[PDB]
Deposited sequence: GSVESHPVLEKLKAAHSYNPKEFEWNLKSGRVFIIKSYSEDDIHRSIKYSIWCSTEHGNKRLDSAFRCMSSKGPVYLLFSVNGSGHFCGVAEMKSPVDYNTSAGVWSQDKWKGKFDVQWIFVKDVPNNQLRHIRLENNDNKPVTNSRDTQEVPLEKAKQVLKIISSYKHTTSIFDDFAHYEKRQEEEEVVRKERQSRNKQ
């Protein structure tokens, strides 16, 4: 058992059974991640960073939703075929590998295959399936309720947490290599 993950699980009630998916207000966005390593980092440090344009959109949404409702992020790694979790945005974007940064609170951490969601289509993206969205695509609230119900209710068999020790190793090893590469250059 990894101690870092057990500390995270103790401090947060991931995959809560009593999640309010029938939202009264709020804004919901698709987040496309470049890699699993970013999802892993986001979960351990409760931060996210999008592109410059993505950060501008999400920052605006967060400030526009201040004291009116939550902003939810539906995460999927590019080319993965599944959604891997849901986080709430908890701060505006702070600028200046990740250029920007904003706080997030991870709520669901579980793999939901795209075939459970592809029947939900987005009228604001040429009626393409919600699983065929670009980064920071906004989800109309009524379709977002259906997505959140499905993700919340799905009996998942796996999550990124099953690979926790692997992703820790990857980060550690890369950090060593990076520091070494700097040393040879000074």
Inset, instruction - Just jot down which stretches of the deposited chain sequence have no CA coordinates, in the order they come. - result: 1-4, 101-109, 200
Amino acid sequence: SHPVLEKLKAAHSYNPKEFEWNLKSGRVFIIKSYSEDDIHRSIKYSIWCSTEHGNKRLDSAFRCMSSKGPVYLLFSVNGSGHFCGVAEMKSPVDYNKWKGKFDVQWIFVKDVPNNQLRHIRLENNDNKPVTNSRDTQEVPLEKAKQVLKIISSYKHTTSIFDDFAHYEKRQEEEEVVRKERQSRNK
From here on, numbers count along this sequence of modelled residues.
Inset, instruction - Could you check the entry and say whether 164-172 or 17-25 has the higher mean CA B-factor? - result: 17-25
Legend entry - Mean C-alpha temperature factor, higher of 151-159 and 131-139: 151-159
Legend entry - Assigned third (lowest, middle, highest) for the C-alpha B factor of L122: highest
Legend entry - Modelled-residue ranking by C-alpha temperature factor, third containing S42: middle
Legend entry - Where the record places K101 (Cα B-factor, split into thirds across the chain): middle
Legend entry - Third assignment of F83 from its chain's C-alpha B-factors: lowest
Inset, instruction - Select lowest, middle or highest to describe the third in which the CA B-factor of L73 falls within its chain in this entry. - result: lowest
